[PDB]
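Okay, so here's the structure we're looking at.
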Amino acid sequence: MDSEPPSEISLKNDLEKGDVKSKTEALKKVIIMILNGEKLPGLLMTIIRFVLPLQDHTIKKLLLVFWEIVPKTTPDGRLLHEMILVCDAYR
Amino acid sequence: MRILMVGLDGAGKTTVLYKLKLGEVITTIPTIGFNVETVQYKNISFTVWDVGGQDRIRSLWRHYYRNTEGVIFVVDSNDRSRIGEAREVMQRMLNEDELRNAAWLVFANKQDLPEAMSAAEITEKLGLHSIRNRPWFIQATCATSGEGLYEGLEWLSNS
């Protein structure tokens, strides 16, 4: 997904699927559309839900990636708190 | 079947989960995070998300709401100071659109303790009678003995 700004409905579906690869790919697809500068908050609860505690680095690294380029803007699955869904289980 | 089990810290959520999964009473630590496990009961495989109840984590439950078929809300029946707080958490949880049709099962837990509030008492304090929009049930439990646990899984499976 080079740059496709309407694809956020499919990404939500792909983000949790019971297959780790699909989830990684989805979250990756979100990153590439934001970096170009395209739509991203719809997904947030889905994105945040699988990855949170785990020591399994790749999804964690992917989520960690998305928190330095848009964390502030996206708020469906995060909202505003001191120990946000950016860092609460990332302790 | 997808299940979300929450409640305040120390209610007994992880004790419940691992009693169900291992038939064992484990020595818990506060859960900073979740535990997720699959349990077989009578041809149903329940995937239970036990999400820690301390404040930081409490702020995160909303990410586990979506796709939830049923909600286990664990209450420490012996703690009277925090029952109002439980009531407050649970009431706005009931207002959550992703939790809209999910089956609501309250566990009044630590029923084994001498001064534990009764399930009826808890039902009045949590305002359970006022839920008309979906299925609810309250069950007295003791997670250490295992009492009431499978009666819960039973009720849940009949959603």
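Points to keep in mind about this one:
- In terms of its alpha-carbon gyration tensor, region B:2-77 comes out oblate; a/c meets the 1.5 threshold, while b/c is at least as large as a/b.
- FRET efficiency, B:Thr27 to B:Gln91 (Cβ-Cβ, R0 41 Å, nearest 0.05): 0.80
- For a paramagnetic label modelled on B:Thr47 (point 7 Å from Cα along Cα→Cβ), amide N atoms under 12 Å away belong, within region B:2-27, to B:2-4.
- Phi to ³J(HN,Hα) by Karplus 6.51 cos²θ - 1.76 cosθ + 1.60 over region A:52-69, Hz, x for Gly, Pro: 2, x, 2, 8, 6, 6, 4, 5, 4, 4, 4, 5, 4, 4, 6, 8, 5, 9
- Under 16 Å between alpha carbons - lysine pairs in region A:9-66 that sit 8 or more apart or on different chains: 18
- For chain A: rounded, prolate or oblate by the Cα gyration tensor [a/c cutoff 1.5]: oblate
- Rounded FRET efficiency, nearest 0.05, which uses the C-beta distance separating A:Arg91 from B:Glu121 and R0 of 51 Å: 0.90
- Integer Hz, Karplus 6.51/-1.76/1.60 couplings in order for region B:138-144, x for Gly and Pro: 10, 9, 6, 9, 9, 6, 5
- For a label point 7 Å along the Cα-to-beta-carbon line of B:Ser159, residues of region B:3-25 with backbone N under 15 Å: B:3-6
- Cα-based shape type of chain B, given that a ≥ b ≥ c are square roots of the gyration tensor eigenvalues and the cut on a/c is 1.5: rounded
- Remark: region B:78-89, residue by residue, has Karplus-estimated 3J(HN,Hα) of 8, 10, 8, 6, 9, 5, x, 5, 4, 3, 5, 4 Hz, where x stands for each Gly or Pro and the curve is 6.51 cos²θ - 1.76 cosθ + 1.60 at θ = phi - 60°.
- Partners for B:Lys110 among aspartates and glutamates (Cα-Cα distance below 13 Å; same-chain residues under 8 apart left out): B:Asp76, B:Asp79, B:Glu147
- Taking B:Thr28, B:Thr14, B:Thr68 in turn, the Gaussian network model of chain B (Cα-Cα springs below 10 Å) assigns the largest fluctuation to B:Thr28.
- The GluC sites (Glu not before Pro) of region B:47-145 that DSSP puts in a loop, and whose beta carbon has at most 15 other beta carbons within 10 Å, are B:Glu69, B:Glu96, B:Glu115.
Read-outs throughout are calculated quantities, based only on the coordinates presented, and are distinct from any laboratory measurement. Counting neighbours? That spans all protein chains shown, and the Cβs are built from the backbone with ideal geometry, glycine included.
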